[PDB]
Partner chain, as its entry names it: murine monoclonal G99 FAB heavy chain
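Take a look at this single chain, the form deposited without its partner chain, given in structure tokens.
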């Protein structure tokens, strides 16, 4: 009863609500944070950071506190090239300035992500995370960091 998609795919979460540490742009494509939407199609249809390293992150601002019970991630296949995140961390904030890593079994939880560029993977957050802001922190990837995502949950 608390697993509704919050609005990445539907665009109920607007472009302005999605930001990142950096993003990759060249003459071919512009992989801006607001392209990180589950199942999005087109030339520029995922977020990619400017460099591939675990210092990079993607942020969503719900604009109020929500109850988050899962995240869904997907990579992207750009032309003939596969790109996906294999493992990631999650951090959260109410105020947008002080952040907390999501913990499980005594330590920072390393979420197991994708195994291809096109199939979604759902990761449960238990206990649920009550938060206004979410950040995803890629830790390992195939070829390049690329993400499309959805957030699952309900009202706080």
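Numbering follows the first chain given and starts at 1.
Keep in mind that the form deposited with its partner chain bound is missing from the display, and what follows is about it.
Although the partner is absent here, residue 64 sits far enough away that none of its heavy atoms falls within 4.5 Å of its partner chain in the deposited bound form.
Its partner chain is not shown here, and in the deposited bound form it never comes within 4.5 Å of any heavy atom of residue 94. Under a 4.5 angstroms non-hydrogen atom cutoff, its partner chain in the deposited bound form has residue 139 among its neighbouring residues. Among residues of the shown chain, residue 121 is not one whose heavy atoms approach its partner chain to within 4.5 Å in the deposited bound form.
Residues from 43 to 71 that approach its partner chain in the deposited bound form with a non-hydrogen atom closer than or equal to 4.5 Å are 54, 55, 56, 57, in the order they occur in the chain.
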